[PDB]
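Take a look at this single chain, the form deposited without ligand EST, given in structure tokens.
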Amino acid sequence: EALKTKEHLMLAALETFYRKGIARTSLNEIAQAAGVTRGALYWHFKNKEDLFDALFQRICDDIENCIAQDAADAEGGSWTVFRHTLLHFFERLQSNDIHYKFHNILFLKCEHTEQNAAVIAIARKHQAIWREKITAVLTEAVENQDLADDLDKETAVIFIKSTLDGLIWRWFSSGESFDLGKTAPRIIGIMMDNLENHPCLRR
């Protein structure tokens, strides 16, 4: 008991959200996904939004802690370390079951409408995490002459997450039709090479 039911209720909620979406997922389906009733759900959570928010926020913090861990230990500069940060992320996209469903639901299994304020609150918070990490490593790379001096970083930060979102979207939408273990390193390498070399990324 105690946190045991809370933990099992969260993952049963995450499992049901990934398989049958969020709109068609009743709170009773969440309850009997675990071994409890809605009386145990309403004690631990206010309503459906309060559960989705509590579930998806703790996951969103894990991904930025998994990033902060996998990135802080400076093993070879920062621009080359940022390379290892993105690939450990895509590696966790396949191994980490919780991190995998978090993105699959945010991209395919929920609707981004103002009426469901919980998902855009997570969508805006997911974007706010990446954009801050991207702008941080862009300056410390120019301050280290790893990239150019006149780098259009406003275009570059849009350029970075745009291509990484499309790989995430393409992999999920294709039903994992291709190998993310061999494609993501290729896509990341081509991306960072354009930041280093392509002229239309500057002013």
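Take the two forms, superpose them, and find the largest set of C-alpha atoms that agree within 1.5 Å; that set is the rigid core. Residue numbers here begin at 1 and follow the sequence given.
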Are coordinates for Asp70 absent in a third or more of the other compared PDB entries?
-> yes
Per the entry, higher mean C-alpha B factor between 56 to 64 and 30 to 38 | 56 to 64
For 73 to 81 versus 94 to 102, entry-based mean Cα B-factors point to 73 to 81
Where the record places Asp165 (Cα B-factor, split into thirds across the chain) = lowest
Divide the modelled residues of the chain into thirds by Cα B-factor and specify which third, lowest, middle or highest, holds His88.
-> middle
Modelled-residue ranking by C-alpha temperature factor, third containing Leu108 | lowest
On the chain's distribution of Cα B-factors, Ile158 falls within the third called lowest
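Form solved in complex with ligand EST: not shown, discussed below.
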Answer for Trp79 alone: is it within 4.5 Å of ligand EST in the deposited complex, judged on heavy atom distances?
-> no
Partner contact for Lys161 in the deposited complex: ligand EST, 4.5 angstroms, heavy atom = yes
Contact flag, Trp130 vs ligand EST in the deposited complex, heavy atom cut 4.5 Å = yes
Going by a heavy atom distance of 4.5 Å, is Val142 a contact of ligand EST in the deposited complex?
-> no
Looking at ligand EST in the deposited complex, do all three of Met10, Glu49 and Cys110 come within 4.5 Å of it through at least one heavy atom?
-> no
Which of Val137, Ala40, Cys66, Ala34 has a heavy atom within 4.5 Å of ligand EST in the deposited complex?
-> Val137
The listed residue (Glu29, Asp53, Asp165, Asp152) that reaches within 4.5 Å of ligand EST in the deposited complex by any heavy atom is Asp165
After a rigid core superposition between this form and the one not shown, the exception among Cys66, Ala156, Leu164, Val142, its Cα shifting by 2 Å or more, is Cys66
On a core-based superposition, does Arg24 travel 2 Å or more at its Cα between this form and the one not shown?
-> yes
Any CA movement of 2 Å or more for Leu11 between this form and the one not shown, core superposed?
-> yes
Core-aligned C-alpha movement of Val119 between this form and the one not shown, 2 Å or more = yes
Per the comparison in the deposited complex, the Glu64 and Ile120 C-alpha atoms (change 3 Å or more) are positioned farther
Can you tell whether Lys101 sits closer to or farther from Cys66 in the deposited complex than it does here, judged by CA atoms, where the change is 3 Å or more?
-> farther
